[PDB]
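Scroll down for the structure; my scribbles are underneath it.
No value in this document is a laboratory result; all are computed from the given coordinates. For neighbour counting, all protein chains shown are included, and Cβ atoms are generated from backbone atoms with ideal geometry for every residue, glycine included.
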2 protein chains.
Amino acid sequence: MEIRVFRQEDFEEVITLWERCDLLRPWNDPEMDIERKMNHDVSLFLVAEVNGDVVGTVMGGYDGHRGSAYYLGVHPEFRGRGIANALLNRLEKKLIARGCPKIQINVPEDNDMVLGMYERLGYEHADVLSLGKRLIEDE
Amino acid sequence: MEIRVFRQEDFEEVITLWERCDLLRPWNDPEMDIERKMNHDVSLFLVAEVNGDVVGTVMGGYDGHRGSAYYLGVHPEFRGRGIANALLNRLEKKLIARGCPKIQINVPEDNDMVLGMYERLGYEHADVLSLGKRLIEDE
Ligand SMILES: CC(=O)SCCNC(=O)CCNC(=O)[C@H](O)C(C)(C)COP(=O)(O)OP(=O)(O)OC[C@H]1O[C@@H](n2cnc3c(N)ncnc32)[C@H](O)[C@@H]1OP(=O)(O)O
Ligand SMILES: CC(=O)SCCNC(=O)CCNC(=O)[C@H](O)C(C)(C)COP(=O)(O)OP(=O)(O)OC[C@H]1O[C@@H](n2cnc3c(N)ncnc32)[C@H](O)[C@@H]1OP(=O)(O)O
């Protein structure tokens, strides 16, 4: 099992993996989200490869004050093997390697399995409200 | 009134301002936060100057997927002038200019004023839980 940075050749496999992980949302064009990362900085956008195939990903990121993580997914047939953990742990190390002091992640207030996963990894709930404003609309 | 990017010469004036705005937190070394931004990309770290002095700031950011904003502060004697609004607006334009599709901001749960400011500026609530994990501690 090997964790590495996303490459242009992984483009379609990654999207298909997102489809299978139910990570796609109508308001976020996945082609656009990948192109944004490619143009901005691909280095924290990781994939997990097992026997040559991409079976997991995490779109990590850093803005100069806090790290982030979106599109965390592991293919259904490859779950319960510690891949998401491996992914998150590698991101955290890449983040620390460049001076990132903290990582923040937003999770659906509904998903308990994911909430639990983050808690076991040492993440704690922040007493804040998350607000947002769309700047460029996707289709 | 002029909004522009943070300059090294602004360092002590900004920290002093942050103290005056009660933005400092023990777990965040302000000097360290400024250096992180300088090393990563200073371009979205904006200051507002009036009559030659820095009277407002916003530490904007972009990670390749979402925009962010920290350290939003306006000197107490310069409030109710639209300075905070102008800082956020300019940050939004800079975000859009580089392709950022959306900005997110977490607000303390009980800060009614700030929550109201953002809603009034067109930011909507996300039904999500913010989780965080400290990666490098500041002393
Ligand atoms: C940034 C984000 O979080 S985006 C939102 C993430 N949500 C999704 O991606 C939804 C789709 N789901 C998935 O892709 C996968 O189920 C993931 C990413 C949630 C989990 O991936 P996996 O590789 O199975 O995780 P991994 O094997 O590292 O498991 C991590 C923990 O979750 C636990 N876990 C995995 N599946 C389940 C389950 N069905 N029920 C309860 N716990 C589970 C594991 O037991 C493990 O905990 P442990 O360390 O205490 O054993
Ligand atoms: C990333 C972050 O958010 S960091 C956390 C932010 N919070 C803090 O910094 C706490 C310290 N507070 C401050 O420094 C200032 O009070 C700020 C930055 C919140 C606001 O500064 P100001 O320059 O006064 O805000 P500005 O004048 O642009 O007002 C923005 C909008 O919110 C409303 N608002 C803000 N404060 C008030 C107030 N005391 N009374 C009425 N309306 C207010 C304004 O009415 C305005 O809309 P308007 O067009 O109706 O006037």
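Computed quantities for the displayed model
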item: Tally, over the stretch A:127-139, of residues that are closer than 19 Å to B:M113 by Cα and either among the charged types (D, E, K, R) or without any contact (Cβ under 8 Å) to a residue 24 or more places away in the chain (or both); result: 6
item: Qualifying positions in the stretch A:13-43 - surrounded by fewer than 16 Cβ atoms within 10 Å (Cβ to Cβ), within 13 Å of the chain's Cα centre (by Cα) and under 22 Å from A:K94 (Cβ atoms); result: A:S43
item: Members of the stretch B:105-133 that are more than 21 Å from A:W27 (Cα to Cα), aliphatic (A, V, I, L, M) and either exposed (fewer than 12 other Cβ atoms within 10 Å of the Cβ) or within 16 Å of ligand 1 (Cβ to nearest atom) (or both); result: B:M113, B:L131
item: Selection from the stretch B:62-89 of residues that are within 12 Å of chain A (Cβ to nearest Cβ), in a helix (DSSP H, G or I) and either hydrophobic (A, V, I, L, M, F, W, C) or touching a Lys or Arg at 6+ places or on another chain (Cβ under 9 Å) (or both); result: B:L88
item: The stretch A:38-61: number of residues that are more than 14 Å from chain B (Cβ to nearest Cβ) and in a helix (DSSP H, G or I); result: 0
